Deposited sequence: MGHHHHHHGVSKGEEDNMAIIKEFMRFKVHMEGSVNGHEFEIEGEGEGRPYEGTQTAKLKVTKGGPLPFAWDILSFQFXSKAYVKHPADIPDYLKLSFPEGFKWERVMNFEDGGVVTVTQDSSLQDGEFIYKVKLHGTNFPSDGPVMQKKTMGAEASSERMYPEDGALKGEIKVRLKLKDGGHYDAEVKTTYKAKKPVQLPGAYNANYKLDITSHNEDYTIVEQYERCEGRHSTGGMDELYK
């Protein structure tokens, strides 16, 4: 059962342009309201020599507000949970892939994330830490191959004005047969609410809701 108030624990193992790191975090939210907050700590390989923003999106689709007529496929997947795999193709050739496992243990969501980032130019906004958060985006959700798929055009803001984009494609798959919905949009807004100087401690907030096309 997905309660009104839920905590989660996350562990990420990653590598960006060869730089290895581990992140440990915890968060909380209101799964039926579509709101959540997380506190992330770089536990290995800190400080990171790249933009935190490429990581921010990988830290929770069980906290998406759904209208009653759209089956909440990823909430229904629990206690077993679900798995997701993502590819983010950046406009300057940088590529990120993420594999994730979500489960429910002792009344809390447990997230296990693996991330690879490569081919970011040495002089690009990611490696030069020139990003300044993300614009609100809309993910186009649609069923296919017995899984839920999502497509997003992510727009990262640049510190001196201007944008830095990526094409994001994700597959979300429940660990048991649970009701897949028809096509729809999930509107996101993700904010970095606070960080220390070298981004080794970061707090994020997110609000997401599913809407009919």
Sequence order list of spans that the model leaves without C-alpha positions, deposited numbering: 1 to 19, 79, 234 to 242
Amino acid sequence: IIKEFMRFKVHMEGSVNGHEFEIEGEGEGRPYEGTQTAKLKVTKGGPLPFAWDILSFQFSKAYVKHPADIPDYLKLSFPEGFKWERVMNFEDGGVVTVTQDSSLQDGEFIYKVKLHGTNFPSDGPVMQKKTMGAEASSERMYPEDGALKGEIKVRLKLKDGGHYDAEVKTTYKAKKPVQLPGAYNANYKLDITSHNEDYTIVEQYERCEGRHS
From here on, numbers count along this sequence of modelled residues.
Per the entry, higher mean C-alpha B factor between 48 to 56 and 157 to 165: 157 to 165
Deposited CA B-factor, highest of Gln100, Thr97, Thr118, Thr131: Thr131
Position of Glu13 among the chain's modelled residues by C-alpha B-factor, lowest, middle or highest third: lowest
CA B-factor ranking of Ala68, expressed as a third of its chain: highest
Third of the chain, ranked by Cα B-factor, where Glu151 sits: lowest
Chain-relative CA temperature factor third for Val178: highest
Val113 by Cα B-factor - lowest, middle or highest third of the modelled chain: lowest
